[PDB]
Structure formats: structure tokens, C-alpha cells
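Note: the block below is model10.cif and it holds mmCIF, C-alpha atoms and all ligand atoms.
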data_coords
loop_
_atom_site.group_PDB
_atom_site.id
_atom_site.type_symbol
_atom_site.label_atom_id
_atom_site.label_comp_id
_atom_site.auth_asym_id
_atom_site.auth_seq_id
_atom_site.Cartn_x
_atom_site.Cartn_y
_atom_site.Cartn_z
ATOM 1 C CA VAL Q 1051 0.000 0.000 0.000
ATOM 2 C CA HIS Q 1052 1.519 3.269 -1.220
ATOM 3 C CA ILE Q 1053 -0.851 6.197 -0.639
ATOM 4 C CA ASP Q 1054 0.126 9.512 -2.238
ATOM 5 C CA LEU Q 1055 -0.404 11.709 0.846
ATOM 6 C CA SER Q 1056 0.569 14.926 -0.980
ATOM 7 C CA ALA Q 1057 -2.888 14.919 -2.631
ATOM 8 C CA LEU Q 1058 -4.779 15.992 0.537
ATOM 9 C CA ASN Q 1059 -6.589 19.184 1.605
ATOM 10 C CA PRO Q 1060 -4.584 21.698 3.746
ATOM 11 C CA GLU Q 1061 -7.586 22.622 5.936
ATOM 12 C CA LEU Q 1062 -8.519 18.956 6.490
ATOM 13 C CA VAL Q 1063 -4.926 17.927 7.301
ATOM 14 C CA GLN Q 1064 -4.917 20.947 9.653
ATOM 15 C CA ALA Q 1065 -8.213 19.702 11.122
ATOM 16 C CA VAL Q 1066 -6.899 16.164 11.693
ATOM 17 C CA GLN Q 1067 -3.526 17.191 13.237
ATOM 18 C CA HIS Q 1068 -4.785 16.908 16.832
ATOM 19 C CA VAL Q 1069 -5.731 13.267 16.093
ATOM 20 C CA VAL Q 1070 -2.490 12.262 14.326
ATOM 21 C CA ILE Q 1071 0.209 10.292 16.156
ATOM 22 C CA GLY Q 1072 3.378 8.714 14.752
ATOM 23 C CA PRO Q 1073 6.787 7.018 15.283
ATOM 24 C CA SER Q 1074 7.986 9.619 17.846
ATOM 25 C CA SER Q 1075 5.499 8.158 20.343
ATOM 26 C CA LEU Q 1076 3.955 4.976 18.865
ATOM 27 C CA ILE Q 1077 5.652 1.579 18.567
ATOM 28 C CA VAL Q 1078 3.708 -0.913 16.463
ATOM 29 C CA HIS Q 1079 4.495 -4.598 16.920
ATOM 30 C CA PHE Q 1080 3.721 -5.782 13.386
ATOM 31 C CA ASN Q 1081 4.787 -9.319 14.359
ATOM 32 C CA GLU Q 1082 2.236 -9.480 17.197
ATOM 33 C CA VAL Q 1083 -1.443 -9.845 16.271
ATOM 34 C CA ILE Q 1084 -4.569 -9.122 18.352
ATOM 35 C CA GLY Q 1085 -7.852 -11.028 18.109
ATOM 36 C CA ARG Q 1086 -9.546 -13.361 15.628
ATOM 37 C CA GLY Q 1087 -10.424 -11.087 12.684
ATOM 38 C CA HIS Q 1088 -13.848 -9.645 13.541
ATOM 39 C CA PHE Q 1089 -12.078 -6.347 14.199
ATOM 40 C CA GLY Q 1090 -9.840 -6.818 11.149
ATOM 41 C CA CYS Q 1091 -6.046 -6.656 11.114
ATOM 42 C CA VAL Q 1092 -5.041 -5.563 14.633
ATOM 43 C CA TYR Q 1093 -1.538 -5.359 16.117
ATOM 44 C CA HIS Q 1094 -0.131 -4.922 19.605
ATOM 45 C CA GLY Q 1095 1.159 -1.389 20.110
ATOM 46 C CA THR Q 1096 2.976 0.680 22.709
ATOM 47 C CA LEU Q 1097 2.344 4.412 23.152
ATOM 48 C CA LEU Q 1098 4.919 6.581 24.966
ATOM 49 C CA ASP Q 1099 4.386 10.018 26.483
ATOM 50 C CA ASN Q 1100 6.990 12.799 26.843
ATOM 51 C CA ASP Q 1101 8.737 11.164 29.806
ATOM 52 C CA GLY Q 1102 8.703 7.704 28.203
ATOM 53 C CA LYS Q 1103 5.755 6.166 30.067
ATOM 54 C CA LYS Q 1104 4.268 3.260 28.108
ATOM 55 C CA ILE Q 1105 0.621 2.498 27.316
ATOM 56 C CA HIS Q 1106 -0.698 -0.782 25.861
ATOM 57 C CA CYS Q 1107 -2.780 -0.264 22.733
ATOM 58 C CA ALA Q 1108 -4.409 -2.031 19.813
ATOM 59 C CA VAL Q 1109 -3.365 -0.937 16.334
ATOM 60 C CA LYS Q 1110 -5.860 -1.629 13.537
ATOM 61 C CA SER Q 1111 -4.504 -1.518 9.975
ATOM 62 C CA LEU Q 1112 -7.093 -0.342 7.434
ATOM 63 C CA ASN Q 1113 -5.800 -2.393 4.507
ATOM 64 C CA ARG Q 1114 -8.812 -1.854 2.216
ATOM 65 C CA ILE Q 1115 -8.242 1.922 2.031
ATOM 66 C CA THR Q 1116 -6.632 2.936 -1.275
ATOM 67 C CA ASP Q 1117 -7.865 6.193 -2.845
ATOM 68 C CA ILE Q 1118 -7.758 9.790 -1.569
ATOM 69 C CA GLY Q 1119 -11.543 9.931 -1.022
ATOM 70 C CA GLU Q 1120 -11.359 6.945 1.347
ATOM 71 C CA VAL Q 1121 -8.456 8.535 3.255
ATOM 72 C CA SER Q 1122 -10.386 11.812 3.594
ATOM 73 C CA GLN Q 1123 -13.384 9.872 4.960
ATOM 74 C CA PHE Q 1124 -10.948 8.089 7.332
ATOM 75 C CA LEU Q 1125 -9.623 11.431 8.644
ATOM 76 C CA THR Q 1126 -13.152 12.731 9.345
ATOM 77 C CA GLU Q 1127 -14.106 9.571 11.245
ATOM 78 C CA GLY Q 1128 -10.920 10.041 13.289
ATOM 79 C CA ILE Q 1129 -11.880 13.665 13.978
ATOM 80 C CA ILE Q 1130 -15.405 12.644 15.136
ATOM 81 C CA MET Q 1131 -14.264 9.794 17.407
ATOM 82 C CA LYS Q 1132 -11.450 11.829 19.000
ATOM 83 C CA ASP Q 1133 -14.042 14.387 20.191
ATOM 84 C CA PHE Q 1134 -16.146 11.774 21.994
ATOM 85 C CA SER Q 1135 -15.461 11.377 25.716
ATOM 86 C CA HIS Q 1136 -17.493 8.918 27.802
ATOM 87 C CA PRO Q 1137 -16.419 6.018 30.096
ATOM 88 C CA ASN Q 1138 -18.760 3.667 28.207
ATOM 89 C CA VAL Q 1139 -17.546 4.660 24.712
ATOM 90 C CA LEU Q 1140 -14.247 3.325 23.275
ATOM 91 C CA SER Q 1141 -11.561 6.046 23.102
ATOM 92 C CA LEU Q 1142 -9.498 6.981 20.074
ATOM 93 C CA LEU Q 1143 -5.861 7.407 21.091
ATOM 94 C CA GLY Q 1144 -5.017 8.503 17.552
ATOM 95 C CA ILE Q 1145 -4.527 7.661 13.891
ATOM 96 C CA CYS Q 1146 -1.505 7.188 11.617
ATOM 97 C CA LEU Q 1147 -1.270 8.695 8.146
ATOM 98 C CA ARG Q 1148 1.822 7.155 6.570
ATOM 99 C CA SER Q 1149 3.429 7.449 3.128
ATOM 100 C CA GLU Q 1150 4.049 3.692 3.106
ATOM 101 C CA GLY Q 1151 1.498 1.202 4.439
ATOM 102 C CA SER Q 1152 -2.209 1.444 5.269
ATOM 103 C CA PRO Q 1153 -3.739 4.065 7.585
ATOM 104 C CA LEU Q 1154 -3.754 2.961 11.245
ATOM 105 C CA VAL Q 1155 -6.199 3.347 14.136
ATOM 106 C CA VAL Q 1156 -4.903 3.356 17.728
ATOM 107 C CA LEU Q 1157 -7.237 2.305 20.557
ATOM 108 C CA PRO Q 1158 -6.653 1.531 24.245
ATOM 109 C CA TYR Q 1159 -6.046 -2.184 24.803
ATOM 110 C CA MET Q 1160 -9.144 -3.964 26.097
ATOM 111 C CA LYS Q 1161 -8.002 -6.782 28.406
ATOM 112 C CA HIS Q 1162 -11.168 -8.889 28.208
ATOM 113 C CA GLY Q 1163 -11.859 -8.414 24.486
ATOM 114 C CA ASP Q 1164 -15.459 -8.242 23.303
ATOM 115 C CA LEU Q 1165 -18.512 -8.757 25.520
ATOM 116 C CA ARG Q 1166 -20.032 -11.605 23.473
ATOM 117 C CA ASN Q 1167 -16.920 -13.770 23.792
ATOM 118 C CA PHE Q 1168 -16.534 -12.827 27.475
ATOM 119 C CA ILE Q 1169 -20.045 -14.015 28.421
ATOM 120 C CA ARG Q 1170 -19.819 -17.099 26.168
ATOM 121 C CA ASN Q 1171 -16.606 -18.148 27.940
ATOM 122 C CA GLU Q 1172 -17.660 -20.865 30.383
ATOM 123 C CA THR Q 1173 -14.692 -20.102 32.669
ATOM 124 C CA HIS Q 1174 -16.419 -16.802 33.478
ATOM 125 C CA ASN Q 1175 -19.300 -16.778 35.968
ATOM 126 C CA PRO Q 1176 -21.373 -13.592 35.575
ATOM 127 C CA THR Q 1177 -24.486 -13.312 37.765
ATOM 128 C CA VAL Q 1178 -27.840 -11.986 36.521
ATOM 129 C CA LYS Q 1179 -26.890 -8.682 38.192
ATOM 130 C CA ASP Q 1180 -23.544 -8.794 36.302
ATOM 131 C CA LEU Q 1181 -25.288 -9.265 32.932
ATOM 132 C CA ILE Q 1182 -27.846 -6.507 33.630
ATOM 133 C CA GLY Q 1183 -24.933 -4.283 34.763
ATOM 134 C CA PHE Q 1184 -23.175 -4.816 31.422
ATOM 135 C CA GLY Q 1185 -26.469 -3.891 29.716
ATOM 136 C CA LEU Q 1186 -26.740 -0.709 31.786
ATOM 137 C CA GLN Q 1187 -23.197 0.373 30.826
ATOM 138 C CA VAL Q 1188 -23.981 -0.101 27.121
ATOM 139 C CA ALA Q 1189 -27.172 1.981 27.542
ATOM 140 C CA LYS Q 1190 -25.154 4.792 29.175
ATOM 141 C CA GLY Q 1191 -22.667 4.707 26.278
ATOM 142 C CA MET Q 1192 -25.524 4.778 23.776
ATOM 143 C CA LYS Q 1193 -27.159 7.619 25.731
ATOM 144 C CA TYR Q 1194 -23.980 9.650 25.160
ATOM 145 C CA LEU Q 1195 -23.764 8.747 21.442
ATOM 146 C CA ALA Q 1196 -27.436 9.707 20.992
ATOM 147 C CA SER Q 1197 -26.792 13.056 22.720
ATOM 148 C CA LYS Q 1198 -24.127 13.733 20.057
ATOM 149 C CA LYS Q 1199 -26.686 12.838 17.352
ATOM 150 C CA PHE Q 1200 -24.472 9.909 16.369
ATOM 151 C CA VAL Q 1201 -26.110 6.723 15.046
ATOM 152 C CA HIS Q 1202 -24.229 3.486 15.845
ATOM 153 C CA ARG Q 1203 -25.721 1.306 13.048
ATOM 154 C CA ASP Q 1204 -24.031 -1.902 14.245
ATOM 155 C CA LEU Q 1205 -24.815 -2.273 17.962
ATOM 156 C CA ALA Q 1206 -24.340 -5.842 19.229
ATOM 157 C CA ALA Q 1207 -22.505 -7.672 22.045
ATOM 158 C CA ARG Q 1208 -19.612 -8.582 19.688
ATOM 159 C CA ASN Q 1209 -19.028 -4.835 19.229
ATOM 160 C CA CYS Q 1210 -18.870 -3.931 22.916
ATOM 161 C CA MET Q 1211 -15.444 -4.090 24.549
ATOM 162 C CA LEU Q 1212 -14.500 -4.882 28.158
ATOM 163 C CA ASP Q 1213 -11.414 -3.437 29.892
ATOM 164 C CA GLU Q 1214 -9.445 -4.710 32.928
ATOM 165 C CA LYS Q 1215 -11.825 -2.913 35.319
ATOM 166 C CA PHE Q 1216 -14.794 -4.584 33.543
ATOM 167 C CA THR Q 1217 -15.944 -1.286 32.051
ATOM 168 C CA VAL Q 1218 -17.960 -1.801 28.869
ATOM 169 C CA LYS Q 1219 -16.861 0.349 25.933
ATOM 170 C CA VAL Q 1220 -19.301 0.695 23.046
ATOM 171 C CA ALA Q 1221 -17.251 0.252 19.857
ATOM 172 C CA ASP Q 1222 -17.508 -0.073 16.050
ATOM 173 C CA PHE Q 1223 -20.058 2.756 15.821
ATOM 174 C CA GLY Q 1224 -20.599 4.349 12.404
ATOM 175 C CA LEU Q 1245 -25.181 -7.851 7.156
ATOM 176 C CA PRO Q 1246 -26.489 -8.265 10.746
ATOM 177 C CA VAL Q 1247 -30.204 -8.519 9.889
ATOM 178 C CA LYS Q 1248 -31.053 -10.214 13.219
ATOM 179 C CA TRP Q 1249 -30.086 -7.011 15.076
ATOM 180 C CA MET Q 1250 -31.775 -4.646 12.608
ATOM 181 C CA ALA Q 1251 -35.006 -2.806 13.377
ATOM 182 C CA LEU Q 1252 -38.045 -3.612 11.214
ATOM 183 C CA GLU Q 1253 -37.889 -0.284 9.338
ATOM 184 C CA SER Q 1254 -34.134 -0.658 8.717
ATOM 185 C CA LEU Q 1255 -34.774 -4.045 7.091
ATOM 186 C CA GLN Q 1256 -37.498 -2.496 4.899
ATOM 187 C CA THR Q 1257 -36.442 1.102 4.147
ATOM 188 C CA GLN Q 1258 -32.681 0.639 4.764
ATOM 189 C CA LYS Q 1259 -32.801 3.698 7.071
ATOM 190 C CA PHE Q 1260 -30.850 3.856 10.344
ATOM 191 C CA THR Q 1261 -31.566 6.179 13.298
ATOM 192 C CA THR Q 1262 -31.085 6.352 17.088
ATOM 193 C CA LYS Q 1263 -34.498 4.630 17.329
ATOM 194 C CA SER Q 1264 -33.186 1.693 15.279
ATOM 195 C CA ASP Q 1265 -30.166 1.643 17.627
ATOM 196 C CA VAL Q 1266 -32.732 1.106 20.432
ATOM 197 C CA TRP Q 1267 -34.026 -2.053 18.694
ATOM 198 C CA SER Q 1268 -30.477 -3.420 18.321
ATOM 199 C CA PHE Q 1269 -29.887 -2.638 22.005
ATOM 200 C CA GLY Q 1270 -32.934 -4.782 22.869
ATOM 201 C CA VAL Q 1271 -31.352 -7.650 20.939
ATOM 202 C CA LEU Q 1272 -28.054 -6.971 22.785
ATOM 203 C CA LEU Q 1273 -29.869 -7.292 26.143
ATOM 204 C CA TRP Q 1274 -31.247 -10.644 24.922
ATOM 205 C CA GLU Q 1275 -27.685 -11.794 24.067
ATOM 206 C CA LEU Q 1276 -26.543 -10.817 27.573
ATOM 207 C CA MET Q 1277 -29.300 -12.707 29.395
ATOM 208 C CA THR Q 1278 -28.647 -15.820 27.267
ATOM 209 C CA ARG Q 1279 -24.869 -15.319 27.732
ATOM 210 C CA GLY Q 1280 -24.316 -14.876 23.978
ATOM 211 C CA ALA Q 1281 -26.784 -17.274 22.343
ATOM 212 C CA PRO Q 1282 -27.418 -16.577 18.638
ATOM 213 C CA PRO Q 1283 -30.798 -14.814 18.223
ATOM 214 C CA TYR Q 1284 -33.712 -16.396 16.291
ATOM 215 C CA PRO Q 1285 -32.063 -19.860 15.938
ATOM 216 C CA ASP Q 1286 -34.957 -21.438 13.982
ATOM 217 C CA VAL Q 1287 -35.546 -18.439 11.698
ATOM 218 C CA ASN Q 1288 -33.648 -17.973 8.425
ATOM 219 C CA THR Q 1289 -32.055 -14.548 7.882
ATOM 220 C CA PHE Q 1290 -34.292 -13.888 4.855
ATOM 221 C CA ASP Q 1291 -37.429 -14.967 6.780
ATOM 222 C CA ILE Q 1292 -36.831 -12.434 9.577
ATOM 223 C CA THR Q 1293 -38.906 -9.581 8.125
ATOM 224 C CA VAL Q 1294 -42.074 -11.759 7.911
ATOM 225 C CA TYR Q 1295 -41.341 -13.159 11.393
ATOM 226 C CA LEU Q 1296 -41.394 -9.645 12.901
ATOM 227 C CA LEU Q 1297 -44.386 -8.453 10.842
ATOM 228 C CA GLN Q 1298 -46.279 -11.472 12.231
ATOM 229 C CA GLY Q 1299 -45.639 -9.839 15.629
ATOM 230 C CA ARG Q 1300 -43.257 -12.576 16.781
ATOM 231 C CA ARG Q 1301 -40.284 -11.664 18.981
ATOM 232 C CA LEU Q 1302 -37.282 -13.200 20.729
ATOM 233 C CA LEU Q 1303 -38.475 -15.434 23.582
ATOM 234 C CA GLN Q 1304 -37.814 -14.487 27.201
ATOM 235 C CA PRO Q 1305 -34.422 -15.966 28.237
ATOM 236 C CA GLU Q 1306 -34.435 -18.453 31.142
ATOM 237 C CA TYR Q 1307 -32.432 -16.028 33.323
ATOM 238 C CA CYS Q 1308 -34.214 -12.812 32.229
ATOM 239 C CA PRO Q 1309 -36.658 -11.256 34.743
ATOM 240 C CA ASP Q 1310 -40.134 -10.162 33.597
ATOM 241 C CA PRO Q 1311 -39.493 -6.388 33.874
ATOM 242 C CA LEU Q 1312 -36.289 -6.613 31.786
ATOM 243 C CA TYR Q 1313 -38.118 -8.693 29.171
ATOM 244 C CA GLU Q 1314 -40.802 -5.974 28.915
ATOM 245 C CA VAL Q 1315 -37.968 -3.465 28.354
ATOM 246 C CA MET Q 1316 -36.791 -5.686 25.465
ATOM 247 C CA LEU Q 1317 -40.337 -5.769 24.033
ATOM 248 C CA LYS Q 1318 -40.526 -1.940 24.190
ATOM 249 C CA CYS Q 1319 -37.212 -1.812 22.318
ATOM 250 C CA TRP Q 1320 -38.740 -3.928 19.527
ATOM 251 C CA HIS Q 1321 -41.884 -1.799 19.040
ATOM 252 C CA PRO Q 1322 -43.222 -1.838 15.416
ATOM 253 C CA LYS Q 1323 -43.315 1.977 15.556
ATOM 254 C CA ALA Q 1324 -39.836 3.491 16.024
ATOM 255 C CA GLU Q 1325 -41.223 6.625 17.721
ATOM 256 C CA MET Q 1326 -42.892 4.475 20.400
ATOM 257 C CA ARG Q 1327 -39.581 2.888 21.482
ATOM 258 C CA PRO Q 1328 -37.930 4.284 24.612
ATOM 259 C CA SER Q 1329 -34.972 6.667 24.402
ATOM 260 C CA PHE Q 1330 -31.582 5.565 25.707
ATOM 261 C CA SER Q 1331 -32.113 8.136 28.471
ATOM 262 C CA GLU Q 1332 -35.334 6.293 29.454
ATOM 263 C CA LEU Q 1333 -33.503 2.962 29.104
ATOM 264 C CA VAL Q 1334 -30.722 4.008 31.512
ATOM 265 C CA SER Q 1335 -33.183 5.064 34.243
ATOM 266 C CA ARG Q 1336 -35.355 1.950 33.845
ATOM 267 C CA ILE Q 1337 -32.463 -0.540 33.675
ATOM 268 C CA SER Q 1338 -30.768 1.255 36.585
ATOM 269 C CA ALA Q 1339 -33.923 0.635 38.659
ATOM 270 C CA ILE Q 1340 -34.059 -3.058 37.699
ATOM 271 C CA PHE Q 1341 -30.299 -3.397 38.376
ATOM 272 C CA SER Q 1342 -30.713 -1.950 41.896
ATOM 273 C CA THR Q 1343 -33.228 -4.669 42.885
ATOM 274 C CA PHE Q 1344 -30.667 -7.414 42.144
ATOM 275 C CA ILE Q 1345 -27.911 -8.680 44.474
ATOM 276 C CA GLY Q 1346 -24.748 -10.746 43.893
ATOM 277 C CA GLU Q 1347 -21.986 -9.772 41.449
ATOM 278 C CA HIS Q 1348 -18.692 -11.374 40.381
ATOM 279 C CA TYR Q 1349 -17.684 -8.470 38.106
ATOM 280 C CA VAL Q 1350 -17.823 -5.082 39.831
ATOM 281 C CA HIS Q 1351 -17.296 -1.942 37.754
HETATM 282 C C1 LIG K 1 -7.742 -8.789 23.558
HETATM 283 O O1 LIG K 1 -8.758 -8.862 22.541
HETATM 284 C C2 LIG K 1 -8.999 -7.685 21.896
HETATM 285 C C3 LIG K 1 -9.640 -7.732 20.661
HETATM 286 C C4 LIG K 1 -9.906 -6.555 19.967
HETATM 287 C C5 LIG K 1 -9.535 -5.325 20.516
HETATM 288 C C6 LIG K 1 -9.806 -4.145 19.832
HETATM 289 O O2 LIG K 1 -10.439 -4.231 18.615
HETATM 290 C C7 LIG K 1 -10.990 -3.101 18.078
HETATM 291 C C8 LIG K 1 -12.198 -2.552 18.528
HETATM 292 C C9 LIG K 1 -12.701 -1.396 17.915
HETATM 293 C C10 LIG K 1 -12.025 -0.792 16.850
HETATM 294 N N1 LIG K 1 -12.432 0.339 16.235
HETATM 295 C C11 LIG K 1 -13.566 1.036 16.405
HETATM 296 O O3 LIG K 1 -14.457 0.739 17.202
HETATM 297 C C12 LIG K 1 -13.640 2.325 15.558
HETATM 298 C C13 LIG K 1 -14.555 3.371 15.615
HETATM 299 C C14 LIG K 1 -15.784 3.460 16.537
HETATM 300 N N2 LIG K 1 -14.190 4.278 14.691
HETATM 301 C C15 LIG K 1 -14.886 5.578 14.442
HETATM 302 C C16 LIG K 1 -16.105 5.583 13.518
HETATM 303 C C17 LIG K 1 -16.722 6.990 13.488
HETATM 304 O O4 LIG K 1 -15.731 5.180 12.206
HETATM 305 N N3 LIG K 1 -13.149 3.902 14.111
HETATM 306 C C18 LIG K 1 -12.485 4.606 13.191
HETATM 307 C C19 LIG K 1 -11.635 5.612 13.669
HETATM 308 C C20 LIG K 1 -10.897 6.405 12.791
HETATM 309 C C21 LIG K 1 -11.010 6.183 11.419
HETATM 310 C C22 LIG K 1 -11.853 5.180 10.940
HETATM 311 C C23 LIG K 1 -12.593 4.384 11.817
HETATM 312 C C24 LIG K 1 -12.733 2.725 14.589
HETATM 313 O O5 LIG K 1 -11.749 2.083 14.216
HETATM 314 C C25 LIG K 1 -10.822 -1.355 16.418
HETATM 315 C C26 LIG K 1 -10.320 -2.504 17.023
HETATM 316 F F1 LIG K 1 -9.163 -3.053 16.610
HETATM 317 C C27 LIG K 1 -9.427 -2.933 20.422
HETATM 318 C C28 LIG K 1 -8.793 -2.937 21.667
HETATM 319 N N4 LIG K 1 -8.544 -4.081 22.299
HETATM 320 C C29 LIG K 1 -8.903 -5.269 21.767
HETATM 321 C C30 LIG K 1 -8.635 -6.451 22.452
#
Would you give me this structure, written as C-alpha cells?
Ligand SMILES: COc1ccc2c(Oc3ccc(NC(=O)c4c(C)n(C[C@@H](C)O)n(-c5ccccc5)c4=O)cc3F)ccnc2c1
Amino acid sequence: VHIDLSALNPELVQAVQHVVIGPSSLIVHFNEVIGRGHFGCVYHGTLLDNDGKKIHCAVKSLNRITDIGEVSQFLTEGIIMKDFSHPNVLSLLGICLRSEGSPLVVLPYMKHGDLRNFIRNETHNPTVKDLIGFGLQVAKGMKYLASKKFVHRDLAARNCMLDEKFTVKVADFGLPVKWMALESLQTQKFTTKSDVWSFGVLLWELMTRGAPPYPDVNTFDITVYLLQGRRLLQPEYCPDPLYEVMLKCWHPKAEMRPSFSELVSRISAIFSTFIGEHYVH
């Protein structure tokens, strides 16, 4: 990959400068890979400050980026993400624009990987309170994203990260038909309200500790399934009030679905009635 960086806009390069990091502070370990491949090509990285203090990071290589339009789009995404600041939203440490090799994205290292794999791992023992707690953290992250008028589009357990303090970081914001709202499947439109539907599916994943949704329904038969008024069944470990929350999230009419603000207050109330946790945040 040899991108001709000279062909970029002065005001945009000026705009992205506060997001750019490079070899004077970032060490990429190109021989050391992170993850399976559901986050793409990711390397272990080390970020140093002025006094040489090291920080563990993940370095994603965007290998499919070739032309100047795609790089410009990449810079703008970097600019947007860098501005976000919320404990339940994954941070952007920076990006790398290099004359040789693909553009790079630098994120804080997430000890416990993604939430779906964490809860599926049988060596972990999350309580019902633990699972609801994870769901509350996601809702708080989505409440922030909504307040910035930013639509996630791909909310799911696989896309939520978990750090060493068991803080959930909403990630990969900005085909998973089984997470898509009815209107998104039909009109291809995505909004914060459709993010609320996906969040309902995410809660279902949590309470089933990462079971695949709609097991007996084909991906192409999902639109008719939902128009028939059929929904995901109540998980064995899901309480009645949380299941009603899920049902509200999957309302036929997008405008009738709760806001993430409403979701945080309701899930917070349910969470408070539960006791016993093995993962305290
Ligand atoms: C130990 O196991 C793992 C396994 C995987 C890990 C990991 O994977 C990633 C998670 C998330 C992302 N990236 C994102 O969530 C991005 C978001 C949300 N945006 C922003 C959006 C507006 O496009 N961008 C982006 C930023 C700048 C330019 C273009 C795109 C992004 O890369 C990249 C990763 F490797 C990150 C950190 N620790 C990990 C530990």
C-alpha cells in the first residue's frame, strides 16, 4: 500500500492534526497480532508520552483503504471519534497517516476483548446482576452517542469491549439482519431509534450469555417473522421487567420505542433490585 499523501486538503490535514500520532510516540508490533479477525487486522502497540511512560494499545490496519476519497473519509471519522469522551464509549488514542502502508487506528487495549466472547466463555461466571450491569453500561454509552446525534448502526454484544476494570466500551459505531429494526430491514434507514431495537437484541444476548438470536428463523425470513408480531423469547435467566424493556425496544413503531435516556433510568432501577456480582465496575 503506497498512498500519495501529498494529494490531501490543507484545511482537512490541519483539522486532523490533533488526532495524528506517529513514530515519535507509537511503537507498532507488526509481528504481534490481536484477536480473531472480527475487528480486522489488529496489532499490539505501545504508546509513549513525553517522559517515556508506556501504554498498551491495539493498532488496527485499514488495509482496504486505497484512494484519496477513502483517506479523507478516514480522517473525518478520526476527527469525530477523538471528540467523543465517555467512560462507556471506546476512546481513540489517535490515527496514523503514513506514506508507506495502510492508515492505522490506535485504541486503548481492552483486556477482556469483546462482551459476546466474554459471556460465552464458560470459565467466566457472571451473575444476573452482572449481565444486567453490562447492559446498563452499554445503555449509558448509547445515551452519550445519541446526545451527540451519532447513530451506531451496528450495535451488538460482539461490538462492545471490556477493559481490565470490567468497564464496557461501546465500539464499532458508524449484514447483521437479526439485530436490525423492522424499518431498517425495509427502508434501509438507520436512526437512534433503530439503535434502540439493536440494544434490545443486545440485552437478549446478555441474558442468554451470547446465544445466537432467532435460531430457527432464516435470515431472509426475519422480516415476515417480525411483521407477524413474533419476537425473541424471554431468556431463562431474564426477569419479567427486563423482558418488557426488550419488548418496548422492539416496538413496530420506532417513535414508540424508549430513548436511551429512558432505558438508563429503567435498567438502573431493575439493576438496583438485584444482588450478587462477580464483576464489579
Ligand atoms: C484482547 O482482545 C482484543 C480484541 C480486539 C480489541 C480491539 O479491537 C478493536 C475494537 C474497535 C475498533 N475500532 C472502532 O471501534 C472504531 C470506531 C468506533 N471508529 C470511528 C467511527 C466513526 O468510524 N473507528 C475509526 C476511527 C478512525 C477512522 C476510521 C474508523 C474505529 O476504528 C478497532 C479494534 F481493533 C481494540 C482494543 N482491544 C482489543 C482487544
Using all atoms listed in the file, find each protein or nucleic acid residue lying at most 9 Å from ligand LIG 1 (chain K); present the set as a VMD selection string. chain Q and resid 1084 to 1094 1107 to 1112 1121 1123 to 1132 1139 to 1142 1144 to 1145 1153 to 1164 1200 1202 1209 to 1213 1220 to 1224
For the residues selected in the previous step, produce a file with C-alpha atoms as a CSV table (one decimal), keeping the file's coordinate frame.
chain,number,residue,atom,x,y,z
Q,1084,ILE,CA,-4.6,-9.1,18.4
Q,1085,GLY,CA,-7.9,-11.0,18.1
Q,1086,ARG,CA,-9.5,-13.4,15.6
Q,1087,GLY,CA,-10.4,-11.1,12.7
Q,1088,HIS,CA,-13.8,-9.6,13.5
Q,1089,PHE,CA,-12.1,-6.3,14.2
Q,1090,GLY,CA,-9.8,-6.8,11.1
Q,1091,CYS,CA,-6.0,-6.7,11.1
Q,1092,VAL,CA,-5.0,-5.6,14.6
Q,1093,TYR,CA,-1.5,-5.4,16.1
Q,1094,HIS,CA,-0.1,-4.9,19.6
Q,1107,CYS,CA,-2.8,-0.3,22.7
Q,1108,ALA,CA,-4.4,-2.0,19.8
Q,1109,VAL,CA,-3.4,-0.9,16.3
Q,1110,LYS,CA,-5.9,-1.6,13.5
Q,1111,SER,CA,-4.5,-1.5,10.0
Q,1112,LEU,CA,-7.1,-0.3,7.4
Q,1121,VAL,CA,-8.5,8.5,3.3
Q,1123,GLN,CA,-13.4,9.9,5.0
Q,1124,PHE,CA,-10.9,8.1,7.3
Q,1125,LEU,CA,-9.6,11.4,8.6
Q,1126,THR,CA,-13.2,12.7,9.3
Q,1127,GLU,CA,-14.1,9.6,11.2
Q,1128,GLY,CA,-10.9,10.0,13.3
Q,1129,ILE,CA,-11.9,13.7,14.0
Q,1130,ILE,CA,-15.4,12.6,15.1
Q,1131,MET,CA,-14.3,9.8,17.4
Q,1132,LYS,CA,-11.4,11.8,19.0
Q,1139,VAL,CA,-17.5,4.7,24.7
Q,1140,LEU,CA,-14.2,3.3,23.3
Q,1141,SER,CA,-11.6,6.0,23.1
Q,1142,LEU,CA,-9.5,7.0,20.1
Q,1144,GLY,CA,-5.0,8.5,17.6
Q,1145,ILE,CA,-4.5,7.7,13.9
Q,1153,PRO,CA,-3.7,4.1,7.6
Q,1154,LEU,CA,-3.8,3.0,11.2
Q,1155,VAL,CA,-6.2,3.3,14.1
Q,1156,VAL,CA,-4.9,3.4,17.7
Q,1157,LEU,CA,-7.2,2.3,20.6
Q,1158,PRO,CA,-6.7,1.5,24.2
Q,1159,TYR,CA,-6.0,-2.2,24.8
Q,1160,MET,CA,-9.1,-4.0,26.1
Q,1161,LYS,CA,-8.0,-6.8,28.4
Q,1162,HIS,CA,-11.2,-8.9,28.2
Q,1163,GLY,CA,-11.9,-8.4,24.5
Q,1164,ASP,CA,-15.5,-8.2,23.3
Q,1200,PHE,CA,-24.5,9.9,16.4
Q,1202,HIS,CA,-24.2,3.5,15.8
Q,1209,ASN,CA,-19.0,-4.8,19.2
Q,1210,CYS,CA,-18.9,-3.9,22.9
Q,1211,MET,CA,-15.4,-4.1,24.5
Q,1212,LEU,CA,-14.5,-4.9,28.2
Q,1213,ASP,CA,-11.4,-3.4,29.9
Q,1220,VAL,CA,-19.3,0.7,23.0
Q,1221,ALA,CA,-17.3,0.3,19.9
Q,1222,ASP,CA,-17.5,-0.1,16.0
Q,1223,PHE,CA,-20.1,2.8,15.8
Q,1224,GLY,CA,-20.6,4.3,12.4
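As for atom CA of residue Q:1069 and atom CA of residue Q:1083, they are spaced 23.5 Å apart.
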Contact check, stretch 1118-1213 of chain Q to stretch 1294-1311 of chain Q, at most 10 Å, counting only C-alpha atoms, closest pairs as a tab-separated table:
residue	atom	partner	partner_atom	distance
Q:1177	CA	Q:1307	CA	9.5
Q:1178	CA	Q:1307	CA	6.9
Q:1181	CA	Q:1308	CA	9.6
Q:1182	CA	Q:1308	CA	9.1
For residue Q:1184, please output as a count of residues only all residues within 10 Å (counting all atoms listed in the file; exclusion window: fewer than 2 positions along the same chain). 23
Applied to the shown file, which residues does the PyMOL selection byres (((chain Q and resi 1199) around 12) and not hetatm) return, written as JSON, numbers by chain? {"Q": [1130, 1134, 1192, 1193, 1194, 1195, 1196, 1197, 1198, 1200, 1201, 1202, 1224, 1261, 1262, 1263, 1265]}
